[PDB]
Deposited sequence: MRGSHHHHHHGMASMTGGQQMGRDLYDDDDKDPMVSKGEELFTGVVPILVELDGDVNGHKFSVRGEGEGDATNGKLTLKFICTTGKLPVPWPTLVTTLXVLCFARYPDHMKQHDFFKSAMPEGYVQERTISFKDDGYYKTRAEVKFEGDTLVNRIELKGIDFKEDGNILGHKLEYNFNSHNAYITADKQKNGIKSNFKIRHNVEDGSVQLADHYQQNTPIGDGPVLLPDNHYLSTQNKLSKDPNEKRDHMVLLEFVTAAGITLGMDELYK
């Protein structure tokens, strides 16, 4: 089974190419994940100069196969079951009173490395808004994302709202609609309703001159009990 690929720490590569209001940019992330504790450690660099949107707005776009599913929940782990062939993850992310992202990603093994490759399009972002104006706190709140089976597409869906703190004390909501489908034609696990619970730390590498984000995340599945 795909879960067998996640017994220990696995290297991760993330490649995002973006187009937000016509601003073209790229991000490359490298690090590793361990589904045994749900821990991700990654460093992301903007390889095209300054990132023209705020780093925190890309966290959800930038590998749910690394979530820690408790033993009694293993039968509900769609994400690992799709491996190694992987899955497509698509989202629309709507920023309240501002623009929206559309993302298409493939998450799959390329050799021994788990790769998340994303094409992101942003439109209708506002001049001097929180996104293009970089007015968001460099942080990311703990958060629960509810997962549901989507039998008609042999995959899963999720809808959740991220609260991005704005530096004037307001909040910038980002409403995510997500759908995942397997890349391969083998059997996958279609889950009962549950959620993924996240804890994140965003920091900086003091020796890195490029625009970048160091990310530490824990992701734990919950909501189904004994």
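Taken in order along the deposited sequence, the stretches absent from the coordinates are 1-36, 99, 264-270.
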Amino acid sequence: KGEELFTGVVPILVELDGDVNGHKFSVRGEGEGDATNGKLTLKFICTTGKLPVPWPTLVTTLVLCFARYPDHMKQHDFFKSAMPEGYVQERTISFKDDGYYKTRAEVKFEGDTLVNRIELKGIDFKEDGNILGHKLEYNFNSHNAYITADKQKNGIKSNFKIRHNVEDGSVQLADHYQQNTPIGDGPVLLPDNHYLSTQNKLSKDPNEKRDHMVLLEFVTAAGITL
From here on, numbers count along this sequence of modelled residues.
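The PDB entry reports B-factors from which the mean C-alpha value can be compared for 197-205 and 181-189; the larger average falls on 181-189.
Just going by the entry, 23-31 versus 167-175 on mean CA temperature factor gives the higher value to 167-175.
Reading the B-factor column for the CA atoms of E119, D97, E90, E137 in the entry, the top value corresponds to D97. Highest CA B-factor among the listed residues (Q152, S81, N130, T103): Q152. Annotation for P70: CA B-factor lies in the highest third of the chain's modelled residues. Per-chain ranking of the deposited C-alpha B factor places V115 in the lowest third.
When the CA B factors of the chain's modelled residues are split into thirds, the value for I156 lands in the highest one. Ranked by C-alpha B-factor against the other modelled residues of its chain, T48 falls in the middle third. For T41, the recorded CA temperature factor ranks within the middle third of the chain's modelled residues.
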